[PDB]
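K.L.:
Below you will find the structure I want to go over with you.
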Amino acid sequence: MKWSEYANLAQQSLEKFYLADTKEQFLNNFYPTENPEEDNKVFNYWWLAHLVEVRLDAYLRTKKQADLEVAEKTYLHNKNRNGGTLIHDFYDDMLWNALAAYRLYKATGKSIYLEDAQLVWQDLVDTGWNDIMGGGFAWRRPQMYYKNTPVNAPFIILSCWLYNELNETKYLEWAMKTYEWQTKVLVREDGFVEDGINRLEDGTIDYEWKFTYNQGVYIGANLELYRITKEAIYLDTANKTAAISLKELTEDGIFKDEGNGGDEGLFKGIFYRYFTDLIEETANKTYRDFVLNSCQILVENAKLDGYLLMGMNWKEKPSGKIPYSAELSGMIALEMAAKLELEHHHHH
């Protein structure tokens with residue numbers, strides 16, 4: 001089965017294992033789910049933001065209107081569960097949705113999605129930044145002193161996208177301002193990206209919170225700025241972050257576990273997305289093979305009744321309670337493998 005076909009199977013697998021009993025819920029958070037009521041209490045607004053993105057990946061691959069519709073329907077379901085707006089207490093949850101909104105805008109051409117993305121950017125600029133810890137956007141409204149990567153890196157990406165779209169200087173200025181702070185405060189000399197700082201109001205960094213998605217979004221931020229500025233530092237930094245990530249976060253061809261919590265299940269999917277952008281920008285065949293080889297391990301072990309149930313550890317057979325966040329990273333990885341399989345040419 002080709003990668004494009006595995007991506008299609010992955011797309012179908014989500015509802016196979018997560019379709020909820022009611023249309024209102026849409027998807028159960030876990031599989032299996034012995035007690036739906038309790039397991040579904042948490043509204044994973046940010047998980048759904050990434051589902052919109054993976055549904056869009058399928059559309060970009062197929063060009064089928066039906067696929068774009070599933071993406072839009074998903075986005076509206078999420079926005080409406082959140083009260084008919086993208087505004088949320090967690091600045092990062094908002095950003096993931098703003099990124100999905102922009103991609104939806106580019107695919108549908110509907111102005112409401114661009115306005116949604118712009119509104120999120122504006123809300124962060126108007127309320128999320130302060131000079132505690134020297135700058136940076138805060139994690140959530142009730143904790144304005146805690147500055148972390150999940151908020152700052154995605155904001156840089158959103159700012160760059162908005163800059164290219166609207167051509168207003170404020171977008172590039174904020175992208176640069178945020179990048180400078182992010183790099184100075186949360187990035188290691190060798191390119192490793194720390195999760196955040198001052199979470200406990202003690203001014204320290206969570207060094208042991210080594211997560212793949214922090215590396216991924218920093219790579220994306222660098223590539224977006226490289227596209228706009230063309231300064232070597234951005235491409236060089238993207239490469240260093242990618243290299244250190246593979247060196248310290250992987251083992252035996254796959255990424256090591258990052259935690260049994262639900263949210264962590266989505267982390268490596270996010271890395272794969274921006275890591276794939278680096279691959280296309282640099283034509284790095286070693287990194288290209290890492291993606292394809294890791295996906296091979298996933299498919300050789302995630303089979304379940306003809307479909308794919310993809311947990312946190314890609315080498316192990318599907319076991320225990322699995323959040324669809326993990327399912328999403330598997331789906332993202334396969335869509336990336338499928339894209340790589342098309343051998344798109346970007347540079348000679």
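As shown in the structure tokens, the chain order sets the letters A, B, ...; within each chain, residues go from 1, and ligands are also counted from 1 in the order they appear.
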If you run DSSP on the backbone here, which positions in range 128-290 of chain A get alpha helix (DSSP H)? Please write them as a PDB file with C-alpha atoms, in the first residue's frame.
P.N.:
ATOM      1  CA  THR A 149       6.964  27.963  23.497  1.00  0.00           C
ATOM      2  CA  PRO A 150       3.524  26.540  22.599  1.00  0.00           C
ATOM      3  CA  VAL A 151       2.296  30.157  22.515  1.00  0.00           C
ATOM      4  CA  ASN A 152       5.283  32.125  21.265  1.00  0.00           C
ATOM      5  CA  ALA A 153       6.476  29.910  18.387  1.00  0.00           C
ATOM      6  CA  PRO A 154       3.007  29.451  16.854  1.00  0.00           C
ATOM      7  CA  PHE A 155       2.454  33.224  17.107  1.00  0.00           C
ATOM      8  CA  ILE A 156       5.556  33.802  14.983  1.00  0.00           C
ATOM      9  CA  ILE A 157       4.229  31.450  12.306  1.00  0.00           C
ATOM     10  CA  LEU A 158       0.790  33.101  12.340  1.00  0.00           C
ATOM     11  CA  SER A 159       2.399  36.559  12.162  1.00  0.00           C
ATOM     12  CA  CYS A 160       4.487  35.586   9.138  1.00  0.00           C
ATOM     13  CA  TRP A 161       1.504  34.065   7.339  1.00  0.00           C
ATOM     14  CA  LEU A 162      -0.522  37.227   7.999  1.00  0.00           C
ATOM     15  CA  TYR A 163       2.396  39.357   6.813  1.00  0.00           C
ATOM     16  CA  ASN A 164       2.588  37.584   3.462  1.00  0.00           C
ATOM     17  CA  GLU A 165      -1.187  37.805   3.144  1.00  0.00           C
ATOM     18  CA  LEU A 166      -1.826  41.399   4.216  1.00  0.00           C
ATOM     19  CA  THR A 169       4.574  45.884   8.695  1.00  0.00           C
ATOM     20  CA  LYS A 170       3.106  45.197  12.142  1.00  0.00           C
ATOM     21  CA  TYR A 171       2.950  41.478  11.361  1.00  0.00           C
ATOM     22  CA  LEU A 172       6.663  41.187  10.536  1.00  0.00           C
ATOM     23  CA  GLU A 173       7.630  43.462  13.430  1.00  0.00           C
ATOM     24  CA  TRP A 174       5.756  41.315  15.936  1.00  0.00           C
ATOM     25  CA  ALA A 175       7.114  38.121  14.371  1.00  0.00           C
ATOM     26  CA  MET A 176      10.656  39.482  14.804  1.00  0.00           C
ATOM     27  CA  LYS A 177      10.033  40.805  18.314  1.00  0.00           C
ATOM     28  CA  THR A 178       8.691  37.445  19.423  1.00  0.00           C
ATOM     29  CA  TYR A 179      11.436  35.460  17.674  1.00  0.00           C
ATOM     30  CA  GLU A 180      14.143  37.509  19.394  1.00  0.00           C
ATOM     31  CA  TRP A 181      12.661  36.879  22.829  1.00  0.00           C
ATOM     32  CA  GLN A 182      11.911  33.195  22.130  1.00  0.00           C
ATOM     33  CA  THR A 183      15.444  32.539  20.894  1.00  0.00           C
ATOM     34  CA  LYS A 184      17.155  34.482  23.672  1.00  0.00           C
ATOM     35  CA  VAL A 185      15.102  33.048  26.547  1.00  0.00           C
ATOM     36  CA  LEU A 186      13.973  29.569  25.496  1.00  0.00           C
ATOM     37  CA  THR A 212       8.800  17.317  20.107  1.00  0.00           C
ATOM     38  CA  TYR A 213       6.176  19.910  19.202  1.00  0.00           C
ATOM     39  CA  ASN A 214       8.243  22.735  20.718  1.00  0.00           C
ATOM     40  CA  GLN A 215      11.037  21.802  18.319  1.00  0.00           C
ATOM     41  CA  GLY A 216       8.572  21.516  15.448  1.00  0.00           C
ATOM     42  CA  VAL A 217       6.978  24.944  15.765  1.00  0.00           C
ATOM     43  CA  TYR A 218      10.390  26.580  16.253  1.00  0.00           C
ATOM     44  CA  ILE A 219      11.483  24.993  12.977  1.00  0.00           C
ATOM     45  CA  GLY A 220       8.332  26.323  11.332  1.00  0.00           C
ATOM     46  CA  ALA A 221       8.929  29.797  12.765  1.00  0.00           C
ATOM     47  CA  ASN A 222      12.480  29.767  11.412  1.00  0.00           C
ATOM     48  CA  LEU A 223      11.428  28.611   7.956  1.00  0.00           C
ATOM     49  CA  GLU A 224       8.725  31.292   7.739  1.00  0.00           C
ATOM     50  CA  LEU A 225      11.195  34.034   8.688  1.00  0.00           C
ATOM     51  CA  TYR A 226      13.766  32.569   6.308  1.00  0.00           C
ATOM     52  CA  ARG A 227      11.245  32.829   3.466  1.00  0.00           C
ATOM     53  CA  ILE A 228      10.628  36.498   4.284  1.00  0.00           C
ATOM     54  CA  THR A 229      14.128  37.692   5.236  1.00  0.00           C
ATOM     55  CA  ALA A 232      21.100  32.382   6.745  1.00  0.00           C
ATOM     56  CA  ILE A 233      20.612  32.350  10.525  1.00  0.00           C
ATOM     57  CA  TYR A 234      17.003  31.166  10.123  1.00  0.00           C
ATOM     58  CA  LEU A 235      17.731  28.213   7.847  1.00  0.00           C
ATOM     59  CA  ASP A 236      20.827  27.280   9.854  1.00  0.00           C
ATOM     60  CA  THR A 237      18.824  27.422  13.096  1.00  0.00           C
ATOM     61  CA  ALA A 238      16.003  25.328  11.632  1.00  0.00           C
ATOM     62  CA  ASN A 239      18.575  22.683  10.679  1.00  0.00           C
ATOM     63  CA  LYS A 240      20.192  22.686  14.130  1.00  0.00           C
ATOM     64  CA  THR A 241      16.859  22.302  15.884  1.00  0.00           C
ATOM     65  CA  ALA A 242      15.929  19.442  13.592  1.00  0.00           C
ATOM     66  CA  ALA A 243      19.283  17.727  14.177  1.00  0.00           C
ATOM     67  CA  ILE A 244      19.310  17.980  17.964  1.00  0.00           C
ATOM     68  CA  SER A 245      15.704  16.737  18.047  1.00  0.00           C
ATOM     69  CA  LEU A 246      16.525  13.583  16.139  1.00  0.00           C
ATOM     70  CA  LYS A 247      19.633  13.078  18.255  1.00  0.00           C
ATOM     71  CA  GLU A 248      18.014  13.465  21.690  1.00  0.00           C
ATOM     72  CA  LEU A 249      14.316  12.683  21.170  1.00  0.00           C
ATOM     73  CA  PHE A 267       3.169  16.442  20.073  1.00  0.00           C
ATOM     74  CA  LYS A 268       5.074  14.397  17.505  1.00  0.00           C
ATOM     75  CA  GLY A 269       2.438  14.942  14.814  1.00  0.00           C
ATOM     76  CA  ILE A 270       3.145  18.664  15.070  1.00  0.00           C
ATOM     77  CA  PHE A 271       6.889  18.010  14.775  1.00  0.00           C
ATOM     78  CA  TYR A 272       6.390  15.885  11.658  1.00  0.00           C
ATOM     79  CA  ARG A 273       4.473  18.690   9.934  1.00  0.00           C
ATOM     80  CA  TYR A 274       7.147  21.387  10.239  1.00  0.00           C
ATOM     81  CA  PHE A 275       9.995  18.872  10.005  1.00  0.00           C
ATOM     82  CA  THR A 276       8.537  17.940   6.619  1.00  0.00           C
ATOM     83  CA  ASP A 277       8.652  21.603   5.595  1.00  0.00           C
ATOM     84  CA  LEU A 278      12.370  21.591   6.390  1.00  0.00           C
ATOM     85  CA  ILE A 279      12.791  18.459   4.286  1.00  0.00           C
ATOM     86  CA  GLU A 280      11.110  20.086   1.291  1.00  0.00           C
ATOM     87  CA  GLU A 281      13.130  23.285   1.726  1.00  0.00           C
ATOM     88  CA  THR A 282      16.486  21.486   2.025  1.00  0.00           C
ATOM     89  CA  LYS A 285      17.274  12.798   2.101  1.00  0.00           C
ATOM     90  CA  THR A 286      18.407  11.567   5.502  1.00  0.00           C
ATOM     91  CA  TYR A 287      15.540  13.438   7.162  1.00  0.00           C
ATOM     92  CA  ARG A 288      13.214  12.326   4.374  1.00  0.00           C
ATOM     93  CA  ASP A 289      14.096   8.691   5.111  1.00  0.00           C
ATOM     94  CA  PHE A 290      13.533   9.177   8.842  1.00  0.00           C
TER      95      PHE A 290
END
K.L.:
For residue 96 in chain A, work out the shell of residues within 8 Å, counting only C-alpha atoms and skipping chain neighbours fewer than 6 positions away, then give it as an NGL selection string.
P.N.:
:A and (46 or 49-50 or 154)
K.L.:
Emit the selected residues as a PDB file, in the first residue's frame, including N, CA, C and O atoms.
P.N.:
ATOM      1  N   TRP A  46      -8.168  22.383  21.273  1.00  0.00           N
ATOM      2  CA  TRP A  46      -6.944  22.420  20.479  1.00  0.00           C
ATOM      3  C   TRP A  46      -6.682  21.145  19.680  1.00  0.00           C
ATOM      4  O   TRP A  46      -5.995  21.193  18.660  1.00  0.00           O
ATOM      5  N   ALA A  49      -8.430  21.529  16.490  1.00  0.00           N
ATOM      6  CA  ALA A  49      -7.769  22.489  15.610  1.00  0.00           C
ATOM      7  C   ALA A  49      -6.846  21.700  14.682  1.00  0.00           C
ATOM      8  O   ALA A  49      -6.750  21.981  13.481  1.00  0.00           O
ATOM      9  N   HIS A  50      -6.171  20.696  15.236  1.00  0.00           N
ATOM     10  CA  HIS A  50      -5.275  19.893  14.422  1.00  0.00           C
ATOM     11  C   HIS A  50      -6.024  18.914  13.529  1.00  0.00           C
ATOM     12  O   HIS A  50      -5.517  18.519  12.479  1.00  0.00           O
ATOM     13  N   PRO A 154       4.135  29.410  17.789  1.00  0.00           N
ATOM     14  CA  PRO A 154       3.007  29.451  16.854  1.00  0.00           C
ATOM     15  C   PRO A 154       2.608  30.886  16.484  1.00  0.00           C
ATOM     16  O   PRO A 154       2.130  31.133  15.381  1.00  0.00           O
TER      17      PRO A 154
END
K.L.:
What's the 10 Å shell around range 25-34 of chain A, counting only C-alpha atoms, without same-chain residues fewer than 4 positions away, as a ChimeraX atom specification?
P.N.:
/A:14-15,17-21,38-44,47-48,74,77-78,81,262,309,319-327
K.L.:
May I have the residues from that selection written out with N, CA, C and O atoms, as a compact mmCIF listing (two decimals), in the first residue's frame?
P.N.:
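Result file selection14.txt:
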# COMPACT_ATOMS: atom_id res chain seq x y z
N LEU A 14 -9.98 7.51 12.02
CA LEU A 14 -10.42 8.36 13.13
C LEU A 14 -11.83 8.04 13.60
O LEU A 14 -12.04 7.71 14.77
N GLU A 15 -12.82 8.14 12.70
CA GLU A 15 -14.20 7.87 13.10
C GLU A 15 -14.43 6.40 13.43
O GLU A 15 -15.30 6.06 14.24
N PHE A 17 -12.66 4.51 15.20
CA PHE A 17 -12.39 4.30 16.62
C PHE A 17 -12.87 5.40 17.56
O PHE A 17 -12.94 5.18 18.77
N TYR A 18 -13.22 6.56 17.02
CA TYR A 18 -13.62 7.66 17.90
C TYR A 18 -15.00 8.29 17.71
O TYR A 18 -15.39 9.15 18.50
N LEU A 19 -15.75 7.88 16.69
CA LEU A 19 -17.08 8.47 16.47
C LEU A 19 -17.93 8.31 17.72
O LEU A 19 -18.12 7.19 18.22
N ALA A 20 -18.44 9.43 18.23
CA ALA A 20 -19.25 9.44 19.44
C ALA A 20 -20.69 8.99 19.21
O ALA A 20 -21.13 8.85 18.07
N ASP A 21 -21.41 8.77 20.31
CA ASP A 21 -22.81 8.34 20.26
C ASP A 21 -23.74 9.46 19.80
O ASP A 21 -24.78 9.19 19.21
N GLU A 38 -17.78 10.62 31.48
CA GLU A 38 -16.62 11.13 32.21
C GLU A 38 -15.42 11.38 31.31
O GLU A 38 -14.77 12.42 31.41
N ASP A 39 -15.13 10.43 30.42
CA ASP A 39 -13.99 10.58 29.53
C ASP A 39 -14.13 11.77 28.58
O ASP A 39 -13.13 12.35 28.16
N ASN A 40 -15.37 12.14 28.26
CA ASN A 40 -15.61 13.26 27.34
C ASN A 40 -15.84 14.62 27.99
O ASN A 40 -16.16 15.59 27.31
N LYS A 41 -15.66 14.71 29.31
CA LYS A 41 -15.84 15.98 30.02
C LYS A 41 -14.95 17.06 29.42
O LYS A 41 -15.39 18.19 29.20
N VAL A 42 -13.69 16.71 29.16
CA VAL A 42 -12.74 17.66 28.60
C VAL A 42 -12.99 17.96 27.12
O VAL A 42 -12.98 17.06 26.29
N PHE A 43 -13.20 19.23 26.82
CA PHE A 43 -13.42 19.67 25.44
C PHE A 43 -12.05 20.01 24.89
O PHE A 43 -11.50 21.07 25.18
N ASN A 44 -11.50 19.11 24.09
CA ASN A 44 -10.18 19.31 23.51
C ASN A 44 -10.21 20.21 22.28
O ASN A 44 -9.98 19.78 21.15
N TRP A 47 -7.22 20.01 20.12
CA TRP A 47 -7.03 18.77 19.37
C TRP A 47 -7.81 18.92 18.06
O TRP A 47 -7.33 18.56 16.99
N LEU A 48 -9.02 19.45 18.17
CA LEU A 48 -9.87 19.63 17.00
C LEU A 48 -9.26 20.61 16.00
O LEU A 48 -9.54 20.54 14.80
N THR A 74 -15.69 20.41 10.29
CA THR A 74 -14.96 20.16 11.53
C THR A 74 -14.63 21.48 12.24
O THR A 74 -14.82 21.61 13.45
N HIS A 77 -17.70 23.00 13.76
CA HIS A 77 -18.13 22.21 14.91
C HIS A 77 -17.34 22.66 16.14
O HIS A 77 -17.89 22.85 17.23
N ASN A 78 -16.03 22.84 15.95
CA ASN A 78 -15.14 23.24 17.03
C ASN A 78 -15.40 24.67 17.50
O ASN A 78 -15.52 24.92 18.70
N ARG A 81 -18.60 24.70 19.41
CA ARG A 81 -18.54 24.08 20.73
C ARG A 81 -17.89 25.08 21.67
O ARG A 81 -18.17 25.10 22.87
N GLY A 262 -3.03 12.92 27.83
CA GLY A 262 -3.69 13.01 26.54
C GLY A 262 -3.06 13.99 25.57
O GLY A 262 -2.77 13.63 24.42
N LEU A 309 -4.94 2.07 14.39
CA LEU A 309 -5.15 2.60 15.73
C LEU A 309 -3.73 2.92 16.16
O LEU A 309 -2.96 2.02 16.51
N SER A 319 -2.49 -0.65 22.43
CA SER A 319 -2.81 -1.14 23.77
C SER A 319 -3.33 -0.05 24.69
O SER A 319 -3.01 1.13 24.52
N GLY A 320 -4.13 -0.44 25.68
CA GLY A 320 -4.67 0.51 26.64
C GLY A 320 -5.58 1.59 26.09
O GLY A 320 -6.12 1.48 24.99
N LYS A 321 -5.75 2.65 26.88
CA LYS A 321 -6.61 3.78 26.54
C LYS A 321 -5.83 4.76 25.67
O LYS A 321 -4.84 5.33 26.10
N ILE A 322 -6.30 4.95 24.44
CA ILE A 322 -5.61 5.83 23.50
C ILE A 322 -6.42 7.08 23.12
O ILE A 322 -7.53 6.98 22.61
N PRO A 323 -5.86 8.28 23.37
CA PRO A 323 -6.57 9.52 23.04
C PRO A 323 -6.46 9.77 21.53
O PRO A 323 -5.46 9.38 20.92
N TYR A 324 -7.45 10.40 20.92
CA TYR A 324 -7.34 10.61 19.48
C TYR A 324 -6.27 11.62 19.11
O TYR A 324 -5.97 11.83 17.94
N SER A 325 -5.65 12.24 20.12
CA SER A 325 -4.56 13.18 19.87
C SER A 325 -3.42 12.35 19.27
O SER A 325 -2.70 12.80 18.37
N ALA A 326 -3.26 11.12 19.77
CA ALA A 326 -2.22 10.21 19.28
C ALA A 326 -2.60 9.78 17.86
O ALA A 326 -1.75 9.67 16.98
N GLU A 327 -3.89 9.52 17.67
CA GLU A 327 -4.40 9.12 16.36
C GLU A 327 -4.08 10.23 15.37
O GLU A 327 -3.67 9.97 14.24
K.L.:
Point out the residue among A:84, A:147, A:10, A:230 with the least atom-to-atom distance to residue 194 in chain A, counting only C-alpha atoms.
P.N.:
A:147
K.L.:
Based on the backbone DSSP call, show me all residues of range 6-73 of chain A assigned strand (DSSP E or B), as a ChimeraX atom specification.
P.N.:
/A:19,27,30-31
K.L.:
Could you list, as a PyMOL selection string, every residue within 10 Å of residue 85 in chain A, counting only C-alpha atoms and ignoring same-chain residues fewer than 2 positions away?
P.N.:
chain A and resi 76+78-83+87-88+94+116+119-120
K.L.:
Could you please take those selected residues and save N, CA, C and O atoms as a PDB file, in the first residue's frame?
P.N.:
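Saved the output as again.pdb:
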ATOM      1  N   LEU A  76     -16.121  24.417  11.989  1.00  0.00           N
ATOM      2  CA  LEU A  76     -17.313  25.054  12.530  1.00  0.00           C
ATOM      3  C   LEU A  76     -17.816  24.321  13.765  1.00  0.00           C
ATOM      4  O   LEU A  76     -18.308  24.944  14.705  1.00  0.00           O
ATOM      5  N   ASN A  78     -16.035  22.835  15.950  1.00  0.00           N
ATOM      6  CA  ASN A  78     -15.142  23.239  17.032  1.00  0.00           C
ATOM      7  C   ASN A  78     -15.396  24.666  17.502  1.00  0.00           C
ATOM      8  O   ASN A  78     -15.524  24.921  18.702  1.00  0.00           O
ATOM      9  N   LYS A  79     -15.468  25.593  16.554  1.00  0.00           N
ATOM     10  CA  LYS A  79     -15.721  26.995  16.871  1.00  0.00           C
ATOM     11  C   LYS A  79     -17.046  27.124  17.630  1.00  0.00           C
ATOM     12  O   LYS A  79     -17.151  27.878  18.602  1.00  0.00           O
ATOM     13  N   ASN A  80     -18.055  26.379  17.196  1.00  0.00           N
ATOM     14  CA  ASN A  80     -19.352  26.445  17.860  1.00  0.00           C
ATOM     15  C   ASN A  80     -19.361  25.780  19.235  1.00  0.00           C
ATOM     16  O   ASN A  80     -20.053  26.248  20.140  1.00  0.00           O
ATOM     17  N   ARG A  81     -18.596  24.705  19.410  1.00  0.00           N
ATOM     18  CA  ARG A  81     -18.538  24.080  20.729  1.00  0.00           C
ATOM     19  C   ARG A  81     -17.893  25.084  21.674  1.00  0.00           C
ATOM     20  O   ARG A  81     -18.174  25.102  22.870  1.00  0.00           O
ATOM     21  N   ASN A  82     -17.030  25.933  21.125  1.00  0.00           N
ATOM     22  CA  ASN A  82     -16.349  26.933  21.933  1.00  0.00           C
ATOM     23  C   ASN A  82     -17.151  28.222  22.083  1.00  0.00           C
ATOM     24  O   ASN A  82     -16.605  29.259  22.459  1.00  0.00           O
ATOM     25  N   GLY A  83     -18.445  28.161  21.789  1.00  0.00           N
ATOM     26  CA  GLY A  83     -19.279  29.339  21.934  1.00  0.00           C
ATOM     27  C   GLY A  83     -19.397  30.247  20.726  1.00  0.00           C
ATOM     28  O   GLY A  83     -19.803  31.401  20.866  1.00  0.00           O
ATOM     29  N   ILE A  87     -11.913  32.826  20.513  1.00  0.00           N
ATOM     30  CA  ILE A  87     -11.387  33.345  21.776  1.00  0.00           C
ATOM     31  C   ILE A  87     -11.474  32.261  22.849  1.00  0.00           C
ATOM     32  O   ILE A  87     -12.494  31.585  22.989  1.00  0.00           O
ATOM     33  N   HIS A  88     -10.397  32.114  23.610  1.00  0.00           N
ATOM     34  CA  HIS A  88     -10.319  31.078  24.630  1.00  0.00           C
ATOM     35  C   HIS A  88      -9.388  31.573  25.738  1.00  0.00           C
ATOM     36  O   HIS A  88      -8.673  32.558  25.553  1.00  0.00           O
ATOM     37  N   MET A  94      -5.845  28.891  21.292  1.00  0.00           N
ATOM     38  CA  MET A  94      -6.340  29.857  20.317  1.00  0.00           C
ATOM     39  C   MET A  94      -5.487  29.861  19.062  1.00  0.00           C
ATOM     40  O   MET A  94      -6.008  29.829  17.949  1.00  0.00           O
ATOM     41  N   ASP A 116     -11.148  35.376  11.486  1.00  0.00           N
ATOM     42  CA  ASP A 116     -10.946  34.597  12.710  1.00  0.00           C
ATOM     43  C   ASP A 116      -9.452  34.558  13.044  1.00  0.00           C
ATOM     44  O   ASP A 116      -9.049  34.821  14.178  1.00  0.00           O
ATOM     45  N   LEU A 119      -8.267  37.961  14.222  1.00  0.00           N
ATOM     46  CA  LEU A 119      -8.782  38.293  15.545  1.00  0.00           C
ATOM     47  C   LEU A 119      -7.950  37.641  16.651  1.00  0.00           C
ATOM     48  O   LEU A 119      -7.731  38.236  17.706  1.00  0.00           O
ATOM     49  N   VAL A 120      -7.494  36.416  16.413  1.00  0.00           N
ATOM     50  CA  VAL A 120      -6.679  35.716  17.397  1.00  0.00           C
ATOM     51  C   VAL A 120      -5.344  36.432  17.549  1.00  0.00           C
ATOM     52  O   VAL A 120      -4.883  36.673  18.664  1.00  0.00           O
TER      53      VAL A 120
END
K.L.:
One decimal, in Å: what's the spacing between CA of residue 111 in chain A and CA of residue 56 in chain A?
P.N.:
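For CA of residue 111 in chain A relative to CA of residue 56 in chain A, the distance reads 17.1 Å.
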K.L.:
For residue 9 in chain A, find every residue with an atom within 8 Å (counting only C-alpha atoms), except residues of its own chain fewer than 3 positions away, and show them as a ChimeraX atom specification.
P.N.:
/A:5-6,12-13,307-308
K.L.:
With a distance cut-off of 9 Å and only C-alpha atoms, select the neighbouring residues of residue 104 in chain A, excluding the residue or stretch itself and same-chain residues fewer than 3 positions from it, and output the selection as a VMD selection string.
P.N.:
chain A and resid 52 to 53 56 68 71 to 72 75 99 to 101 107 to 110 113 to 114
K.L.:
Which is closest to residue 263 in chain A among A:314, A:211, A:105, A:146, if we use only C-alpha atoms?
P.N.:
A:211
K.L.:
Mind pulling up the distance from CA of residue 102 in chain A to CA of residue 135 in chain A?
P.N.:
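A separation of 25.8 Å between them.
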K.L.:
May I ask for the distance between CA of residue 317 in chain A and CA of residue 36 in chain A, given in Å to one decimal place?
P.N.:
23.5 Å
K.L.:
Write out as a short mmCIF file (atom, residue, chain, number, x, y, z; two decimals) with C-alpha atoms, in the first residue's frame each polymer residue whose atoms come within 9 Å of residue 316 in chain A, counting only C-alpha atoms; drop sequence neighbours fewer than 5 positions from it.
P.N.:
data_model
loop_
_atom_site.label_atom_id
_atom_site.label_comp_id
_atom_site.auth_asym_id
_atom_site.auth_seq_id
_atom_site.Cartn_x
_atom_site.Cartn_y
_atom_site.Cartn_z
CA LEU A 298 3.87 2.73 12.56
CA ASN A 301 2.26 -2.21 14.16
CA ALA A 302 -0.88 -0.06 14.18
CA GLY A 311 -0.87 5.13 19.97
#
